[PDB]
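Beneath this line is the structure, given in structure tokens, with notes to follow.
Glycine gets a Cβ as well: all are built from the backbone with ideal geometry, and neighbour counts include every protein chain shown. Since every read-out is calculated from the coordinates, none of them should be taken as a lab result.
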There are 2 protein chains.
Amino acid sequence: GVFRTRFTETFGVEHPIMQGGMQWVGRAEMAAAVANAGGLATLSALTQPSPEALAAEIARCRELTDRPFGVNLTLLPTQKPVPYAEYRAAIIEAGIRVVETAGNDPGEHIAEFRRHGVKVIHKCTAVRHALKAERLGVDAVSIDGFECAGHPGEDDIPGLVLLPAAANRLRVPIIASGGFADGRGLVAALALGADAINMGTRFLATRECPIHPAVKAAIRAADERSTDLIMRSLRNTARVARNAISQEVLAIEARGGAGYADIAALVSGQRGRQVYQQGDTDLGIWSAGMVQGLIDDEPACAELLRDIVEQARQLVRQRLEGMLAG
Amino acid sequence: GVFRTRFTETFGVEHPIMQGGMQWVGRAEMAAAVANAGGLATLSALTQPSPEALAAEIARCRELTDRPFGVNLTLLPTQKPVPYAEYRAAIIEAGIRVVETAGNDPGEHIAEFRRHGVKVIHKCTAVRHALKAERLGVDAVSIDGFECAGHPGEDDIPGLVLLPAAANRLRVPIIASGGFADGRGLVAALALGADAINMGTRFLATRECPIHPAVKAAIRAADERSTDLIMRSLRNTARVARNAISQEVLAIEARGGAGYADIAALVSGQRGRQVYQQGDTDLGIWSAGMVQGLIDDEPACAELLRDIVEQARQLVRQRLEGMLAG
Ligand SMILES: NC(=O)c1ccc[n+]([C@@H]2O[C@H](COP(=O)([O-])OP(=O)(O)OC[C@H]3O[C@@H](n4cnc5c(N)ncnc54)[C@H](O)[C@@H]3O)[C@@H](O)[C@H]2O)c1
Ligand SMILES: NC(=O)c1ccc[n+]([C@@H]2O[C@H](COP(=O)([O-])OP(=O)(O)OC[C@H]3O[C@@H](n4cnc5c(N)ncnc54)[C@H](O)[C@@H]3O)[C@@H](O)[C@H]2O)c1
Ligand SMILES: Cc1cc2nc3c(=O)[nH]c(=O)nc-3n(C[C@H](O)[C@H](O)[C@H](O)COP(=O)(O)O)c2cc1C
Ligand SMILES: Cc1cc2nc3c(=O)[nH]c(=O)nc-3n(C[C@H](O)[C@H](O)[C@H](O)COP(=O)(O)O)c2cc1C
């Protein structure tokens, strides 16, 4: 493609751009659009309610794209127990060649994927977690900074510092994640030591993303200050779109004594998944990054990836080289 | 020099690198080293205890450098009243050609500096504040992200998002501030739309910085997780080196009911200035950015600035161009 990096080489895709795990959203239509657009796409595993349904969704995604795509397997605190090993079995038996893991204690799942020729990208929120993942033999790490939609951990280190700190210590390829939307972010991430960018919020605002048009309009209208950090008091911080629910969750936490039971009904994924289906952005918790303040359009995935790498190339060849010319 | 930008052109310095205001530290020896090294240096105005002392310090700095330097005038909540207009008078009558203002309601001081041919750089923490500063006629804005040592405001927007959001709206040159230490940060900031970087913590860890060697060793030893955000409960957030004092201030705020009187003795500048003088990093509050986790050396200012721009040039010409070659 336009940029050749350790990422494009390692994972065999045209652009140094990845669409990581997106609960509820990361379905066949999203993954295929990204894969057809030249990026590394992922189907969300836990968006499918059983291993058998994930097998069916992998098959459906293969009807929409001939290009390889990955699966994201997320290992975070769960309301109901999850049979991870069976999901893992389904991913392997389907011939998926790359997996993005995220969350706590990925060790046992990384090893099993390795034993079967499945490359692993592990997403994590601190240099010490990336190093531990590298010791476990992952093929790349995704470094999730404080900007990110979702779970940034509890250190509160933005990518401007976390990426070069990770690059000072890691040897496997690095994917920068959180806060990225355009070619300026891609060049910044490459300069800081990454080999690719991961994006979540930016793909919400694409034509093919299978969510309600009112969610996409909320992202365009939102600025960078319109997210909340919920569950800080439970040390399970999650960055979410500011709405009546997240503001209520914050009000409950500010009273003191709040435990997860006091907010479980507000933060439930079954309320949150209706946001994307019906477009009622106050129905529940939905994930959005502060990068929404850089987003006000709705391109097709193919034009978006092409625009990012072309804009990034022009930043190098015109803006940066122009400052070195005189 | 190596990089020519709107910043180097507007302010007539060789490198797109600025040393901004540093209370207690920003004295003649610091400013002259940076000015002699090719950067935009500043003397701290409120580090001098009277306008007359600031005049004497400007004169002392002119014995150490023949290059122009600026003065920083900070407008933040003060324990004792400050005669800003008289400090302003002293800066003007000394023939200072550039000033960095910071803090709340800079309007009246910006105008007076303008009336006398003094260019103004205003440091601020949000796009709406930078726009208001631009409407007041400043010559450049300094965009201080969440990474920064000092006062980041209350929006908690890191530079990876705040810089491109500012660049989407501002027309005057942009200086990126907070989280920068080396050539990777310079290139990232230029890619994101800035024309220069401002640094604070990085200059603490230089040979010429006139602080106790044990403070410089604490910065080298510290990682990116070793800062605290004090006074969040007072909406006067300040990022400081983690130490016994800052941890105590956090413990007082966590009890509830805390007002500034309950912590004024712990956060006083007269305890904090002894940190730099005696090197007892637990004597008081001292400012340090999370970028300390990228810093483990102690160069001369001249070699440091030269290394940053040379490293930045090699990132463009070798790393970035190499990814575009194939
Ligand atoms: N942006 C993101 O990273 C993101 C978004 C959606 C879901 N997820 C994760 O994918 C998985 C399945 O999605 P879901 O929405 O149906 O799960 P869920 O219905 O359990 O969502 C509840 C939220 O509270 C958290 N939680 C659950 N049990 C908890 C406990 N005992 N203590 C503290 N926090 C607890 C969950 O992590 C989740 O964020 C979850 O693990 C969820 O965390 C991640
Ligand atoms: N890294 C930085 O940005 C930085 C570092 C040092 C000082 N300063 C500022 O330079 C000026 C002079 O330095 P100083 O240390 O001698 O001042 P100081 O002795 O008053 O320091 C006390 C700290 O508490 C704050 N404060 C003071 N009065 C307050 C009030 N009524 N309510 C809430 N907060 C209050 C101050 O801003 C300061 O951060 C101050 O305005 C200070 O804020 C900024
Ligand atoms: C709606 C949505 C759902 C997400 N679901 C998951 C998930 O299930 N597991 C996970 O590891 N990350 C999840 N993420 C995080 C993304 O994979 C990615 O790390 C993050 O969006 C990067 O930050 P950005 O939004 O600024 O691009 C989700 C993000 C969004 C916006
Ligand atoms: C010791 C120290 C003192 C500072 N004093 C001031 C000050 O008086 N006024 C101000 O506007 N900024 C002050 N700053 C902030 C710097 O000017 C600069 O904005 C900040 O350090 C940028 O973040 P960085 O440390 O990551 O480079 C200070 C920073 C440090 C480290």
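The mean number of Cβ atoms from other chains found within 10 Å of a Cβ in peptide B:191-202 is 2, as a whole number.
The longest stretch of chain B left intact once loop-based trypsin sites (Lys or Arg not before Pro) with at most 10 other Cβ atoms within 10 Å are removed from consideration, loops following DSSP, is B:1-170.
Extents of the protein assembly as shown, largest first, come to 79, 58, 43 Å (Cα atoms, principal axes, whole angstrom). Taking a Cβ cut-off of under 12 Å around B:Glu14, the surrounding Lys, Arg, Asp and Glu residues balance to a net charge of +2, with basic ones at +1 and acidic ones at -1. The mean number of Cβ atoms from other chains found within 10 Å of a Cβ in peptide B:180-190 is 5, as a whole number. The residues packed around A:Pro83, meaning those with a beta-carbon under 15 Å from its beta-carbon, carry a net charge of -3 if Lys and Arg are +1 and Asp and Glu are -1. Taking only the Cα atoms of the range A:140-216, the ratio Rg/Rh comes out at 1.02, with Rh defined as the Kirkwood radius. Look at A:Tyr276, B:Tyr87 and count the other Cβ atoms within 10 Å of each Cβ; fewest to most, that gives B:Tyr87, A:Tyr276. Inter-copy label distances at A:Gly107, using a point 7 Å along Cα-to-Cβ, come to 6.1 nm with the shortest given first. Based on the reciprocal of the average 1/r between different C-alpha atoms, the Kirkwood radius for chain A equals 19.8 Å. Cross-link partners for A:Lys132 among the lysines, with Cα-Cα distance under 16 Å and sequence neighbours closer than 8 places in the same chain left out: A:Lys123. In terms of other Cβ atoms within 10 Å, A:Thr47, B:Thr237 run from fewest to most in the order B:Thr237, A:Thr47.
Taking amide H atoms as placed 1.01 Å from N in the peptide plane, the amide H of B:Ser142 lies under 5 Å from those of B:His122, B:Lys123, B:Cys124, B:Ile175, each 5 or more residues away in sequence or on another chain.
When chain B is treated as a GNM, springs tying every alpha-carbon pair under 10 Å, which of B:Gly12, B:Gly150, B:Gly179 comes out with the largest mean-square fluctuation? Per the Cα network of chain B with a 10 Å cutoff, B:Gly12 tops the list. Counting neighbouring Cβ atoms within 10 Å and putting the fewest first, the residues A:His151, B:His15 line up as A:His151, B:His15.
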